[PDB]
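Participant: let me give you the complex in parts, starting here:
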Amino acid sequence: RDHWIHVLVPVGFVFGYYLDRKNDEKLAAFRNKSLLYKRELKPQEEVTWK
Amino acid sequence: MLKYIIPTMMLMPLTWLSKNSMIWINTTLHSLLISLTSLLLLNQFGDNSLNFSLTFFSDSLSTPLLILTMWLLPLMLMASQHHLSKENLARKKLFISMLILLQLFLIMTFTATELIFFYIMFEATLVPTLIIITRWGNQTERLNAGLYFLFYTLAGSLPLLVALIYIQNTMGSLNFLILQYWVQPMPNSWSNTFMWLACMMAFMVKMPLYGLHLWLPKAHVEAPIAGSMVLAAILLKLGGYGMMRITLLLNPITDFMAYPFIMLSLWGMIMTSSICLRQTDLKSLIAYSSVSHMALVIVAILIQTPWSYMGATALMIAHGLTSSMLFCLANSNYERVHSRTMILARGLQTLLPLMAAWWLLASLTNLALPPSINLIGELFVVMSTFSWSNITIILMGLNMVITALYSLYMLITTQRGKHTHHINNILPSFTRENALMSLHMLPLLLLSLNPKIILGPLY
Amino acid sequence: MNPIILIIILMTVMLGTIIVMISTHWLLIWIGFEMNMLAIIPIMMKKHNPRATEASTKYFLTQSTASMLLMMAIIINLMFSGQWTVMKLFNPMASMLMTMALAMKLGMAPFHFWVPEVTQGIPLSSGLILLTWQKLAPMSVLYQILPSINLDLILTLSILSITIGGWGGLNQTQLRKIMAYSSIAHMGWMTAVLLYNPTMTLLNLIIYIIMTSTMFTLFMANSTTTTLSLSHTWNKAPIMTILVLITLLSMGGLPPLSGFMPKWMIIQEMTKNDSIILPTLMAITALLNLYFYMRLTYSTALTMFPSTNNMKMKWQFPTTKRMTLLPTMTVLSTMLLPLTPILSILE
Amino acid sequence: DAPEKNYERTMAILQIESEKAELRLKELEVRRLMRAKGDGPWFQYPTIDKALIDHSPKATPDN
Amino acid sequence: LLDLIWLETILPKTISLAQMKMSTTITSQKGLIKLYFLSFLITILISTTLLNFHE
């Protein structure tokens, strides 16, 4: 690629964004378990947030 | 926050692998892309902060500081590429790497959920700033100024280290989210007196407190332009951010420990403003004006009312933009006359009319003209200190006279009168310089349309 | 020196330190210290000038006095316990004499008065051996007798070492005396946390040996013994100025560097034991060490002192010196703070 | 992010950090009690091994 | 008077002169082995009789 250097910061964004989403699944202890937001699962659904 | 940490780190291979004619343009482009992405921090809620992980979070206090931090890096690159044009290529890349490393320390200073990680990043911000001042400053006094900047900060902050580890042992944690809910009242004692001093004096040095401010009209004067921009726009605000995080743990003792410091600020903003009436060095005039404006943020944090915290964070963001623009204007003259003496080059509206319009707008936002966010923060601190004591308005209002008087005298000396005859190298304003002025001023005026994003955690 | 004789003598230095580390009898402790001194004397007299003979004489006298006080502490332990196990001592007089002997062998203040002379009198490699390898055996004996070490004595030695190693380096221009007063201050930091948590003592010792070995390796790689000859390094090798910059900022304990790692942990172990004034005054006194480190960084990396004309000849030759582990020790002395919880491997 | 996602993520963070804080306080109390009493596995400074003692009949009987 | 002299005098200048003077008192030793061991003797005597670090 003639402009390989102009993807170092955006891919480093996306990967970083990716890792943030990947951290959220480690902090999913109280997903659909808080007293404010707990509810019954709608059909064709397995988690409330991802 | 890892979506902002990793692009800031990828700016390091972006600046070390670029072609020699390309290392400014690529870093400016991608730092502007990071600053465009910085608006995703504005997912703020009326009840909860935006809590990313165990390590990182952001409420509405850190969010304007983060957007200002990620916005200041392209502006520092624009400001610092002219006077480092003749520089060696590897030293130029080391300069850009120091600015990138400083931004990398700052964005996880403001988002540190835990207070000793806040301390580690907060003191990691010394090393790129110290290296920038003592390596790319212009005059002889930059070594001494780097020593003062280093050893006021560390002498204030190494008690803060002991204090934070003491809170770590006593409460079990230094998570700010835990310490919102486990904070105990701090009773009157001598133990808690020196506890309060060890928590507060590092940030008093960082603001600066009047009487501790002696590092600032050296370190902000003996620095290059990017160093002055990051010092007066971000690094003075680490103190206010740290006080707004740390006075949670210091109640109710703060309600009488604040009384000397408030005096030191309420009289200090009278003195330092008055010092700006009789300064010959324009960069030192902007430095003592920075001390004068940050004294109001010290008073507003120490009276700890909601209107005071709203005005203090508004005044910190507004002073960051305003003082950074004023240092850039002083550099726009200093690149032409090669002297920081304010009486040297006069009558510059006769030669640089659009740049004189930029001087006019920066001086009007300096004197807190409504409805700029400068005036919003100024006015809200005045409201809260009037509720604190009805007499303080005198010391406020007299300050609001002198704040006008140095802001226009600086305009009258530099831009008005008859021009200096023997100076004939006054070039027309480059497109880079006016671009830098507009990227300072147009966000500052657009924030008057929607000030609620720079009003902090308790809007 | 014959290289075979040099190898056998250095293995004998190592063998003396090992016999101190691994033995269970106090006579073998004393024997390991005797073997260590007896073998390290020719390493100090490697170049055969009157300064090395003076340094080796002063080193011999202080280490011989310490060895005799050590044996008197051992013999008093034999009086009051009838046995010889290397463990706690069974008399506070024997504890005081052994703490004095080991403070002399470490050169902690006020027995520091040999360390800046002897380090100035010997070459840089033997100064590296003296300031890194010769700490390991007395700190091991202090590690094993800490149930009997008096608190007030070892803390007085610690704060007196930190203050004297702070004020000593502020007047110096010779790099070996700077490293020696840095040594005194760091030994104060290591023994201030010995009775509270000896794992942080081992941590501070390892991080100190890494940073000291980095600085002596840089001084050997540039052949620099004074400040003013270290100031010519930017015109000879500009990478070495960055290396001494980051390593001197690390030895001052500035975060995010690795030398912030021990002292912070030391404070972290001294406030759990309800000492607040003491780590505060220790950390305030460490700013003096930081100040003469900053003096060296101003002379070397952050400014450019004027060079001479003959430097242009030295541009035409690369450094053929074996810079053993210098990138490794440079990395491990600067970028190690994110791996701070590795210290549990020393428990 | 949703307010649900941030809210319950915050609660997971708070549970992890509160458990770490309670364990740090317990670690301080355990170290205090073990250094005071010496009956735990920590602070076990050595005494003489009794596997070194000779138990043979000696040259003189009164021993 | 205040922000070029007195606030400059009290915190940085007096502390800097104090560190300079203590640095010159520590490092003014004549390199004499006799005096260093006489100081070590006075150390041991103050340790035993004056501070009771052996009791």
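Facilitator: Noted; the coordinates are in hand. Numbers count the residues shown, from 1 in each chain, chains lettered A, B, ... in the order given.
Participant: alpha carbons only for contacts and neighbour counts from here, please
Facilitator: Will do.
Participant: which residues of chain A lie near chain B?
Facilitator: For chain A, the residues in contact with chain B (C-alpha under 8 Å from any C-alpha of the partner chain) are A:5-6, A:8-10, A:12-17, A:19-20, A:23-24, A:27.
Participant: how about the strands in chain D?
Facilitator: Assigned by DSSP state E, the strands in chain D number zero.
Participant: might you name the residue of it sitting closest to chain B?
Facilitator: Proximity of chain D to chain B (C-alpha to the nearest C-alpha) peaks at residue D:21, 4.3 Å away.
Participant: ok, that residue to residue C:275 distance?
Facilitator: Distance check for residue D:21 against residue C:275: by C-alpha to C-alpha, to the nearest Å, it reads 21 Å.
Participant: again with residue C:25
Facilitator: Relative to residue C:275, and taking C-alpha to C-alpha, residue C:25 is found at 35 Å.
Participant: so how far is residue C:186 from the closest residue to chain B within the stretch 51-200 of chain C?
Facilitator: Nearest residue of the stretch 51-200 of chain C to chain B: residue C:170, at 14.2 Å (C-alpha to the nearest C-alpha). Applying C-alpha to C-alpha, the value for residue C:170 to residue C:186 is 15 Å.
Participant: ok, residue C:137 next?
Facilitator: 16 Å.
Participant: and residue 31, how many neighbours?
Facilitator: No chain in the question, so chain A it is. Neighbourhood size, residue A:31 [other C-alpha atoms under 10 Å in any protein chain shown]: 21.
Participant: try again with chain C
Facilitator: A count of nearby residues for residue C:31, using other C-alpha under 10 Å, gives 17.
Participant: can I get the buried part of the residues of chain A next to chain B as one ChimeraX selection?
Facilitator: Entered in ChimeraX, the line below selects the buried ones among those, by 16 or more other C-alpha atoms under 10 Å in any protein chain shown:
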select /A:8,9,10,12,13,14,15,16,17,20,23,24,27
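Participant: quick one: the residue lying closest to residue C:147 once chain neighbours are set aside from residue C:198, how far?
Facilitator: Using C-alpha to C-alpha, 6 or more residues apart in numbering or on different chains and skipping the chain neighbours, the partner closest in space to residue C:147 is residue C:88 (5.6 Å). According to C-alpha to C-alpha, residue C:88 stands 15 Å off from residue C:198.
Participant: spatially central residue in chain E, please.
Facilitator: Residue closest to the mean C-alpha point of chain E, counted by C-alpha atoms, centre = their mean, is residue E:22 at 4.9 Å.
Participant: extra chain here, label it chain F:
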Amino acid sequence: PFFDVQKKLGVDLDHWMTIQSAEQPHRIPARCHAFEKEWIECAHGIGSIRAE
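Facilitator: Let me put chain F in with the others:
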């Protein structure tokens, strides 16, 4: 750092001269053999803090 090489390798470099109650030439007892045997067998394994 007491690197306990003697227990790791199973060698007896210096444990034999360490106490008076150890194995002696011609089974010569020390004058305080019994008292040291009692103090060691009391204090064995329980740690030094409890042994004091």
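Participant: is it true that the residue nearest to the centre of chain E touches residue C:167?
Facilitator: Yes - the criterion here is C-alpha atoms under 8 Å, and residue E:22 meets it with residue C:167 at 6.4 Å.
Participant: for the residue nearest to the centre of chain E, helix, strand, or coil?
Facilitator: Of the three states, residue E:22 takes helix under DSSP: H, G, I helix; E, B strand; the rest coil.
Participant: which residues outside the top helix by length along chain F are in contact with it?
Facilitator: Looking across chain F with DSSP state H, the single longest helix is helix F:33-43. Contact with helix F:33-43 is made by D:47-50, D:53, D:63, F:20-21, F:51, as judged by C-alpha atoms under 8 Å, 6 or more residues apart in numbering or on different chains.
Participant: at 7 Å what do you get?
Facilitator: With contact meaning C-alpha atoms under 7 Å, 6 or more residues apart in numbering or on different chains, helix F:33-43 is reached by D:47-48, D:50, D:53, D:63, F:20-21, F:51.
Participant: and stretch B:373-383, by the same measure?
Facilitator: B:296, B:300, B:307-308, B:311-312, B:314-315, B:318-319, B:365, B:368-369, B:393, B:396, B:447-448, B:451.
Participant: show me just the buried residues among these.
Facilitator: For the contacts of stretch B:373-383, buried by 16+ other C-alpha under 10 Å: B:296, B:300, B:307-308, B:311-312, B:314-315, B:318-319, B:365, B:368-369, B:393, B:396, B:447-448.
Participant: in helices, which of these fall?
Facilitator: B:296, B:300, B:307-308, B:311-312, B:314-315, B:318-319, B:365, B:393, B:396.
Participant: what's around residue E:27, how many residues?
Facilitator: The number of residues near residue E:27, taken as other C-alpha under 10 Å, comes to 16.
Participant: can you list contacts of stretch C:35-47?
Facilitator: The contact list for stretch C:35-47, computed with C-alpha under 7 Å, 6+ apart, reads C:9, C:12-13, C:16-17, C:52-53, C:56, C:122, C:126.
Participant: now the buried members of the residues you listed.
Facilitator: Neighbour-count burial (16+ other C-alpha under 10 Å) applied to the contacts of stretch C:35-47 gives C:9, C:12-13, C:16-17, C:52-53, C:56, C:122, C:126.
Participant: roughly how far does the residue of chain C found nearest chain A sit from residue B:10?
Facilitator: Nearest residue of chain C to chain A (C-alpha to the nearest C-alpha) works out as residue C:338 at 18.8 Å. In this view, residue C:338 and residue B:10 are 19 Å apart by C-alpha to C-alpha.
Participant: onto the same structure, chain G please:
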Amino acid sequence: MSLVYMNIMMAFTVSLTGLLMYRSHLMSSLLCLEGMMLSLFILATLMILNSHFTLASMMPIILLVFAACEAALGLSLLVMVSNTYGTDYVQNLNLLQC
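Facilitator: Adding chain G to the chains above:
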């Protein structure tokens, strides 16, 4: 404790304070150091004989041998100083003040 142990300890402290207060000669310092070693030999010997601790009887000989080897090393250092200045005066050993 025993009355002879008082005198052997006091002899060690006398030779200590002689070794800790120089006059001029490095040889007098070496003699004070070996007086310290001799007093350690005597004290260790009287304990080991007094306790009938048989295996430590080889201990003072070891305490002799090593330290006498140490003494030999010290004599060589003196000679090298004596080969530089003609005398063994400790005030000639002051080059390391600067």
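Participant: the contacts of helix F:33-43 with chain G there, same question as before?
Facilitator: D:47-48, D:50, D:53, D:63, F:20-21, F:51.
Participant: thought residue G:18 was touching residue G:34?
Facilitator: No - applying C-alpha atoms under 7 Å as the test, residue G:18 and residue G:34 come out as separate, 11.2 Å apart.
Participant: could you tell me how many residues sit around residue B:18?
Facilitator: Residues lying near residue B:18 (other C-alpha under 10 Å) number 17.
Participant: roughly how far is the top helix by length along chain G from the heart of the chain?
Facilitator: Assignment by DSSP H gives helix G:58-85 as the longest helix of chain G. Distance, stretch centre to chain centre, for helix G:58-85: 9 Å (C-alpha atoms, centre = their mean, to the nearest Å).
Participant: packing partners for it?
Facilitator: For helix G:58-85, the elements it packs on are helix C:50-81, helix G:26-51, judged by 3 or more C-alpha pairs under 7 Å, 6 or more residues apart in numbering or on different chains; DSSP states H and E.
Participant: closest to chain F out of the ones you listed?
Facilitator: Set against chain F and scored by C-alpha to the nearest C-alpha, these come closest in helix G:26-51, at 5.5 Å.
Participant: what sits against the residue nearest the centre of chain D?
Facilitator: Centroid-nearest residue in chain D, with C-alpha atoms, centre = their mean: residue D:42, separated by 5.4 Å. Applying C-alpha under 7 Å, 6+ apart to residue D:42 gives the contacts residue D:34.
Participant: and residue C:347, how far is that from residue D:32?
Facilitator: From residue C:347 to residue D:32 the distance is 17 Å (C-alpha to C-alpha).
Participant: these two: which is more packed in?
Facilitator: Legend: neighbour count by other C-alpha under 10 Å for residue C:347 and residue D:32, higher for residue D:32 (14 against 10).
Participant: near chain A at all, stretch B:20-38?
Facilitator: Yes - using C-alpha under 7 Å from any C-alpha of the partner chain as the criterion, contacts between stretch B:20-38 and chain A involve residue B:30.
Participant: contacts made by that stretch with the rest, please.
Facilitator: Under the criterion C-alpha under 7 Å, 6+ apart, residues A:9, B:11, B:14-15, B:67, B:70-71, B:73-74, B:77 lie in contact with stretch B:20-38.
Participant: do the same with stretch C:94-113
Facilitator: For stretch C:94-113, the surrounding residues in contact (C-alpha under 7 Å, 6+ apart) are C:62-63, C:66-67, C:69-70, C:73-74, C:76-77, C:89, C:114-115, C:135, C:138, C:148-149, C:157, C:160-161, C:164, C:184, C:187-188, E:36, E:40, E:53-54.
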